[PDB]
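*Asks:* Quick one, fold the following:
(one chain, ligands or ions: 2)
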Amino acid sequence: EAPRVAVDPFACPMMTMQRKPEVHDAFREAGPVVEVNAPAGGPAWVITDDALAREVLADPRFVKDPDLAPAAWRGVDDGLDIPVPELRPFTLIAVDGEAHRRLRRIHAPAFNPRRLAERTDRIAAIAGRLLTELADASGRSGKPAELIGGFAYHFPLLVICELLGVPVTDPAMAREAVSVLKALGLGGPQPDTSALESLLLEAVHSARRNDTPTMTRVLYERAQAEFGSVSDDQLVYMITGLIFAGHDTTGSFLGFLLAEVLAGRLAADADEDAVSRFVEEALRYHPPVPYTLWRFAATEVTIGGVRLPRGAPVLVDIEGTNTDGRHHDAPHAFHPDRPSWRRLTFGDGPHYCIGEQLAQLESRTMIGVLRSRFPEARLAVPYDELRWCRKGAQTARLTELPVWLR
Ligand code: HEM
Ligand SMILES: CC[C@]1(O)Cc2c(O)c3c(c(O)c2[C@@H](O[C@H]2C[C@H](N)[C@H](O)[C@H](C)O2)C1)C(=O)c1c(OC)cccc1C3=O
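*Replies:* Residues are numbered from 1 along each chain as shown. Ligands and ions are numbered 1, 2, ... in the order given. Coordinates below:
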């Protein structure tokens, strides 16, 4: 029924900064709704048109329910987010309908942007200490600071950990361990995570004992109210998820944002408005997540002219719609003064990113620190020699970002 392009939608060779994988253009040329080959077997359908994508992502017939995914995917697709049944109610990405609204209710007050903003000075301090350490190591060594491994994931990880009351001192070890717990929680096979698990449980114990209106306290109070009774293990599971959600995507994006700033594309006298417009363009141009998470048709659906069967796995093309010439003049150029137009980098519909305000705050705070404390920071290699890639369902990321910070 649909036009068919017989390729894996996740195919990604090593890319330059300015280019996006060829599959996006081949899908868009085929039609608004394109059959493709799902990586773990059978068909999948990609949505290549912005307006249609917005309709799909708000249509209750397309659901996250991982039980609708083909049998062949279980244990293999790894892009499939499939908690054990009893943990799906605690997993924002695994539910829709009333169960999803409940979790949105629990998370909303915890991400109150007024409360995040009170943390700006701490966020700056975090970034500034990480950068001073990196500059000092480069002074001693004679080697450029490598900001992907030394900054991009560490900075957002330390922010979200501190917001949740989880006192991490080694972000590299924490990043590895929360990755393991994420994979286990979302249904992967099967390594030592006990140190991190101790800190997560300590943050939950502390949330229950103390009335201080922090993030984890508010999650606790609101989950207790909605579920009647919530266990320490359930809260640990929920905060594990927000640690991973809060750092991986953000850290992938920040590597790209850093590259564009350090390439000298931000005006030297840029005011706050110009900075936030620069961040906005970077979110259009370098989305870390190329497709929405899997949705499945709950019934037979005809959409954009095409008949999709019950069970049909559907992807919205974020990277391709963000760089569609039908809505963006010179879609593959980086133009921060471009008129502001919508993008799909944070999703749409009920499952829209709950972290967007935080990710923005972190972005603009990082640039402030850089501009004020490392005004001469530059790339240690040309912008045209930077490369990025992604395998499978992982976020897009630079291979490295070598910088002379001062
Ligand atoms: C630039 C950084 C980030 C980007 C690009 C990003 C992108 C996205 C996208 C595309 C989705 C929706 C997925 C879908 O519905 O298919 C989403 C959801 C989500 N994000 Fe973000 N995100 C970012 C930062 C953050 C941060 C800082 C947090 C904090 C914990 C967060 C937590 C979440 C959560 C929990 C969801 C699930 C919402 C739902 O299913 O209801 N994210 N993100
Ligand atoms: C793009 C936004 C995002 O999907 C949000 C998100 C998320 O909301 C949750 C968790 C996440 O891991 C993620 C992220 O998802 C991963 C896995 C996906 N297959 C895909 O590879 C994507 C790029 O990364 C990011 C959790 O891992 C999780 C959890 O893990 C055990 C426990 C409770 C809730 C969540 C929970 O809500």
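
*Asks:* got the residues of the stretch 301-406 of the chain near ligand 2?
*Replies:* 393-395 (CB under 6 Å from any ligand atom). Quick note: C-beta positions are derived from backbone N, CA and C, even for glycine.

*Asks:* From those residues, keep the buried residues only.
*Replies:* Those of those that meet the buried threshold are 393-395, by 16 or more other CB atoms under 10 Å.

*Asks:* In CSV, list those residues along with secondary structure and distance to residue 287.
*Replies:* Converted to CSV, those look like this (DSSP: H, G, I helix; E, B strand; the rest coil; distance: CB to CB, whole Å):
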residue, secondary structure, distance to residue 287
393, coil, 14
394, coil, 13
395, coil, 9
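
*Asks:* how about those residues in TSV, adding distance to residue 277?
*Replies:* Compiled in TSV, these are given as follows (distance: CB to CB, whole Å):
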residue	distance to residue 277
393	30
394	29
395	24
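
*Asks:* Near ligand 1, which residues of the protein are found?
*Replies:* Checking the chain against ligand 1 by CB under 6 Å from any ligand atom, the hits are 92-93, 160, 242, 245-246, 249-250, 253, 288-289, 292-293, 345-347, 351, 353-355, 358-359.

*Asks:* make it 5 Å
*Replies:* Counting by CB under 5 Å from any ligand atom, the chain comes close to ligand 1 at 92-93, 242, 245-246, 249-250, 253, 289, 292-293, 346-347, 351, 353-355, 358-359.

*Asks:* element containing residue 28?
*Replies:* Assigned by DSSP states H and E, residue 28 belongs to helix 23-30.

*Asks:* list the helices and strands that helix packs on?
*Replies:* The helices and strands touching helix 23-30, judged by 3 or more CB pairs under 8 Å, 6 or more residues apart in numbering; DSSP states H and E, are helix 318-322.

*Asks:* from the middle of its chain, how far away would the helix it packs on be?
*Replies:* Mean-position distance between helix 318-322 and its chain equals 15 Å (CA atoms, centre = their mean, to the nearest Å).

*Asks:* Give me the helices and strands touching it, please.
*Replies:* With contacts defined as 3+ CB pairs under 8 Å, 6+ apart, helix 318-322 has these neighbours: helix 23-30.

*Asks:* what's next to the helix it packs on, contact-wise?
*Replies:* Helix 23-30 has contacts (CB atoms under 8 Å, 6 or more residues apart in numbering) with 2-5, 7, 9, 11, 34, 36, 46, 48-49, 317, 319-320, 323-324.

*Asks:* any idea which helix or strand comes after that helix?
*Replies:* strand 33-37.

*Asks:* List the residues that contact the residue in the stretch 251-400 of the chain positioned nearest to ligand 1.
*Replies:* Closest residue of the stretch 251-400 of the chain to ligand 1, CB to the nearest ligand atom: residue 355 (2.2 Å). By CB under 8 Å, 6+ apart, residue 355 lies in contact with 111, 245-246, 249-250.

*Asks:* Can you narrow the residues you listed down to the ones near ligand 2?
*Replies:* Restricting those to contacts with ligand 2 (CB under 5 Å from any ligand atom) yields residue 245.

*Asks:* Get me the contact residues on the protein for ligand 2.
*Replies:* Close to ligand 2, as judged by CB under 5 Å from any ligand atom, the chain has residues 81, 91-93, 182, 185, 241, 244-245, 289, 393, 395.

*Asks:* list the contacts for the nearest residue to residue 66 once chain neighbours are set aside?
*Replies:* Among residues not flanking residue 66 along the chain, residue 82 sits closest, at 3.9 Å (CB to CB, 6 or more residues apart in numbering). Contact analysis of residue 82 by CB under 8 Å, 6+ apart lists 66-67, 69, 74, 94, 186-187.

*Asks:* Let me have the residues you listed in TSV, extended by neighbour count and secondary structure.
*Replies:* Below are those laid out as TSV (neighbours: other CB atoms under 10 Å; DSSP: H, G, I helix; E, B strand; the rest coil):
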residue	neighbour count	secondary structure
66	24	helix
67	12	helix
69	21	coil
74	14	coil
94	23	helix
186	21	coil
187	18	coil
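
*Asks:* what about the closest residue to ligand 2 within the stretch 1-150 of the chain, how many neighbours?
*Replies:* Ligand 2 sits closest to residue 92 of the stretch 1-150 of the chain, with a gap of 3.7 Å, by CB to the nearest ligand atom. Neighbours of residue 92 under the rule other CB atoms under 10 Å: 19.

*Asks:* Contact partners for residue 293?
*Replies:* Applying CB under 8 Å, 6+ apart, the residues contacting residue 293 are 64, 81, 93, 351.

*Asks:* just to revisit the earlier point, got the angle between the helix holding residue 28 and strand 33-37?
*Replies:* 130 degrees (axes from the mean of the first three to the mean of the last three CA atoms, to 10 degrees).
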